[PDB]
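Take a look at the structure set out below.
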Amino acid sequence: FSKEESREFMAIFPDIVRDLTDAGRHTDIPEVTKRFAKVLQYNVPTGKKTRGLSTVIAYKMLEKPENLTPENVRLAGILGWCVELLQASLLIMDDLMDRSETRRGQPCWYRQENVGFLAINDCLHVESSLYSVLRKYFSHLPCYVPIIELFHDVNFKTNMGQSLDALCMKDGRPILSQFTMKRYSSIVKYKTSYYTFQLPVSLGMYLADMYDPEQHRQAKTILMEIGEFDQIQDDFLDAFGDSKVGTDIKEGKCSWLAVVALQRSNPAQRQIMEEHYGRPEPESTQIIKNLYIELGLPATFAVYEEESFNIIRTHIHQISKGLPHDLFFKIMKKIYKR
Amino acid sequence: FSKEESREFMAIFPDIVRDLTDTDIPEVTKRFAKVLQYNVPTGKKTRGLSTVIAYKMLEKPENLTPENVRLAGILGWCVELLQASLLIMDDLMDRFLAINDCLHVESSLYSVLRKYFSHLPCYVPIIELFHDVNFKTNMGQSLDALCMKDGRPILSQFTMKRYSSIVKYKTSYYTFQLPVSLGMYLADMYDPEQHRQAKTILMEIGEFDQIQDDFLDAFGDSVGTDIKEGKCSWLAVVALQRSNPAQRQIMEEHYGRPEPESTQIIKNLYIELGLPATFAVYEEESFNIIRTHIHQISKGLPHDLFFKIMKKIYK
Ligand SMILES: CC(C)=CCC/C(C)=C/COP(=O)(O)OP(=O)(O)O
Ligand SMILES: [Mg+2]
Ligand SMILES: [Mg+2]
Ligand SMILES: [Mg+2]
Ligand SMILES: [Mg+2]
Ligand SMILES: [Mg+2]
């Protein structure tokens, strides 16, 4: 993203914290409002903010140029921060569920002194807070109700994704019979692609007064295809990228690598996965990495990266109902880095 | 609640489960049906039935159609979905329930609202009420947690002002305000002054409800764990107001400890400090104040609704 777009977006965050903690609403409980400021300051504004900024980009590529006022671009930024509020809520909870040590370079929120399982309340609180932001800045606009309904629906779908991911684990141990490409695809769609890709684009559309369910559906078909590649590349680089140190094997994740390894494995190779996948010992991670190398997963990913890129590019050329192709090409180029 | 009211309310629940669960992801949808079935419809449903009663006592008789009473029942089930999300979060904090099931069950009430209410004039006030009540409930949960540090109760925090705030935010908003404000909105009663007048009485009733509960935790016939858990209970707050330095040291030493003998030491102190007699004086004085405020209720609100709520809490 541009320096001007990044700085404009970052300037909004302190106002959202004031709106949620210092707007003279709850003056009888200052210790709680001061704490919630710290919850927001720790968990919301330190990332790359890809999803927030992408909300602004989407809006700027969907709206008529003559409607792109500083005021409307700031509303897009506020919607972006609501996506970053939802994400913060989801990751606070996922870290507690996964018992992770760090997120985005920082100790996980639940590990901070006197949090622990109180992170569940903080998760609910941060997600609830975005609706207060929506009421303040959007209650007077026609997009208000569609935007509220989109956030609640995406929250419900993301929960289905997280729960489906959990149905791949039994008492801390991966259930390898569950590691199918069909279930993988479903996990990625529900758990990540709705909030990562569909939510920013649909928000841009609503702010631009695009309400045609068919325009949203066309955008969704493409964004779910891009989202699937984004998570597959992420899974690949967890094991094969250059040092973030990847822990997906130890964690027993239903990764694209594990799914494709099980498709390709002879019985001896399947037994290695059963014995060593999702185990804590370093030598068990190395055994799984070595099996991924033996099964040719690097070549497999290289072929998938080229084929998927060509299929998505073809599908974007075929988009209709006046959706701008350049937006979908721009999202592709960010994800494929070409 | 009449047999007819209870039975009509219960008949809605299977529809709500089908609405939310019945797809490319049938194994996780089936699981979510079980999450709902196992956690939402069991036990008394006082908050959801209160929403129906509020609507029936607020609406014009001519508008009380079977169809509108069913809409009130659906709003009551939305309150019960929020209750279930809060009981799940409590079960998770105590401990096939998954940690995200509390978030998922809470999110599901907004899908029910969209389904049944999105075309009605009351829709935005209702969704905004749920949004605000959720935020306030979370603030109250956080304030309760600020009364504990490193596993020990912070007795300097145990003030009546903080106790009243905890009860208001954590409990009374969603238990008492939300059912009545829903009944009002469904009956096209939008006037902020009417909601405010109801709120004054409902927060007083909610305060007595929690104080009675706190009293019975220690003094009721069973099994109460407030003392062992170091809870910011009315008994602990008043004990600290009434204690001399020797009595305060007994609280510092024994409040919030795991040993059964420490719970008996604290119960003995509550007896020594006359907490039972203090509760008797409060129950009589609060009953009189609340009855007075109900008789004074204005802005065209019905007395009988608030008397009914008061009578269920005080018996
Ligand atoms: C309803 C909830 C709480 C959803 C969580 C959403 C999410 C993006 C989880 C992280 O995935 P992960 O655990 O597979 O990977 P990591 O934690 O390593 O990012
Ligand atoms: Mg996870
Ligand atoms: Mg995780
Ligand atoms: Mg990853
Ligand atoms: Mg990780
Ligand atoms: Mg109790």
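Protein chains in written order, with UniProt numbering: chain A, 86 to 328, 333 to 427; chain B, 86 to 107, 112 to 184, 202 to 328, 334 to 426.
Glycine residues also receive a C-beta, built at the ideal position from the N, C-alpha and C atoms.
Check whether the Cβ atoms of residue i and residue j lie closer than 8 Å to each other.
i, j, result
"residue 392 (chain B)", "residue 285 (chain B)", "no"
"residue 128 (chain A)", "residue 194 (chain A)", "yes"
"residue 248 (chain B)", "residue 313 (chain B)", "no"
"residue 177 (chain A)", "residue 208 (chain A)", "yes"
"residue 211 (chain A)", "residue 124 (chain A)", "yes"
"residue 114 (chain B)", "residue 275 (chain A)", "yes"
"residue 307 (chain B)", "residue 401 (chain B)", "yes"
"residue 175 (chain A)", "residue 232 (chain A)", "no"
"residue 122 (chain A)", "residue 141 (chain A)", "no"
"residue 251 (chain A)", "residue 204 (chain B)", "yes"
"residue 338 (chain B)", "residue 374 (chain B)", "yes"
"residue 237 (chain A)", "residue 216 (chain B)", "yes"
"residue 185 (chain B)", "residue 292 (chain B)", "There are no coordinates for residue 185 (chain B) in this structure, because the numbering of chain B runs from 184 directly to 202."
"residue 199 (chain A)", "residue 255 (chain B)", "yes"
"residue 147 (chain A)", "residue 290 (chain A)", "yes"
"residue 191 (chain A)", "residue 131 (chain A)", "yes"
"residue 105 (chain A)", "residue 214 (chain A)", "yes"
"residue 94 (chain A)", "residue 165 (chain A)", "yes"
"residue 234 (chain B)", "residue 427 (chain A)", "no"
"residue 246 (chain B)", "residue 277 (chain B)", "yes"
For residue i, name the three-state secondary structure that DSSP assigns.
i, result
"residue 403 (chain B)", "helix"
"residue 419 (chain B)", "helix"
"residue 130 (chain B)", "coil"
"residue 149 (chain B)", "coil"
"residue 309 (chain B)", "helix"
"residue 410 (chain A)", "coil"
"residue 191 (chain A)", "strand"
"residue 254 (chain B)", "strand"
"residue 259 (chain A)", "strand"
"residue 366 (chain A)", "coil"
"residue 87 (chain B)", "coil"
"residue 296 (chain B)", "coil"
"residue 206 (chain B)", "coil"
"residue 226 (chain A)", "coil"
"residue 102 (chain A)", "helix"
"residue 289 (chain A)", "helix"
"residue 237 (chain A)", "helix"
"residue 167 (chain B)", "helix"
"residue 109 (chain B)", "Missing from the coordinates: residue 109 (chain B), inside the break in chain B from 107 to 112."
"residue 113 (chain B)", "coil"
"residue 107 (chain B)", "coil"
"residue 200 (chain A)", "coil"
"residue 264 (chain A)", "coil"
"residue 427 (chain A)", "coil"
Please determine, among the options, the residue with the shortest C-alpha to C-alpha distance to residue i.
i, options, result
"residue 138 (chain B)", "B:158, B:250 and B:183", "B:158"
"residue 135 (chain A)", "A:91, A:234 and A:239", "A:91"
"residue 425 (chain A)", "A:290, A:397, A:156 and A:408", "A:397"
"residue 409 (chain A)", "A:338, A:111, A:305 and A:358", "A:305"
"residue 110 (chain A)", "B:423, B:154, B:405 and B:241", "B:241"
"residue 239 (chain B)", "B:120, B:172, B:156 and B:267", "B:172"
"residue 395 (chain B)", "B:311, B:104 and B:93", "B:311"
"residue 97 (chain B)", "B:156, B:183, B:319 and B:151", "B:156"
"residue 149 (chain A)", "A:119, A:327 and A:411", "A:411"
"residue 181 (chain B)", "A:180, A:202, A:359 and A:188", "A:202"
"residue 170 (chain B)", "B:179, B:184, B:218 and B:183", "B:218"
"residue 133 (chain A)", "A:189, A:112, A:404 and A:377", "A:189"
Measure from the C-beta of residue i to each C-beta in chain D and report whether the shortest distance is under 8 Å.
i, result
"residue 216 (chain B)", "Absence of chain D from the displayed structure is noted, the protein chains being A and B."
Any C-beta of chain A within less than 8 Å: which residues of the segment 112-144 of chain B qualify? 113, 114, 116, 117, 118, 120 and 121
Could you check whether the segment 279-297 of chain A touches the segment 222-234 of chain A, counting it as contact only if at least three pairs of C-beta atoms, one from each stretch, sit closer than 8 Å? yes
Spell out a yes or no on whether the segment 361-376 of chain A and the segment 298-309 of chain A are touching, meaning 3 or more CB-CB pairs, one atom from each, closer than 8 Å. no
Contact residues within the segment 223-234 of chain B, judged by C-beta distance below 8 Å to chain A: 224, 229, 230, 233 and 234
How do the segment 370-385 of chain B and the segment 409-426 of chain B stand: do at least 3 beta-carbon pairs fall below 8 Å, yes or no? no
Assess, as a yes-or-no matter, whether the segment 347-356 of chain A is touched by the segment 254-269 of chain A under the definition of 3 or more beta carbon pairs within less than 8 Å. yes
Where the segment 239-251 of chain B meets chain A: residues whose CB sits under 7 Å from a CB there: 240, 241, 244, 245, 247, 248, 249 and 251
Note down, in chain order, all residues in the segment 375-399 of chain B with a beta-carbon under 7 Å from any beta-carbon belonging to chain A. none
Which of the residues in the segment 250-282 of chain A, read from start to end, lie with their CB under 7 Å from any CB of chain B? 251, 252, 271 and 275
Taking only beta carbons into account, state which residues of the segment 169-193 of chain A come closer than 7 Å to chain B, listed in chain order. 178, 181 and 182
Near-chain B residues of the segment 201-213 of chain A (beta-carbon distance less than 8 Å), N- to C-terminal order: 202, 203, 205, 206, 207, 208, 209, 210, 212 and 213
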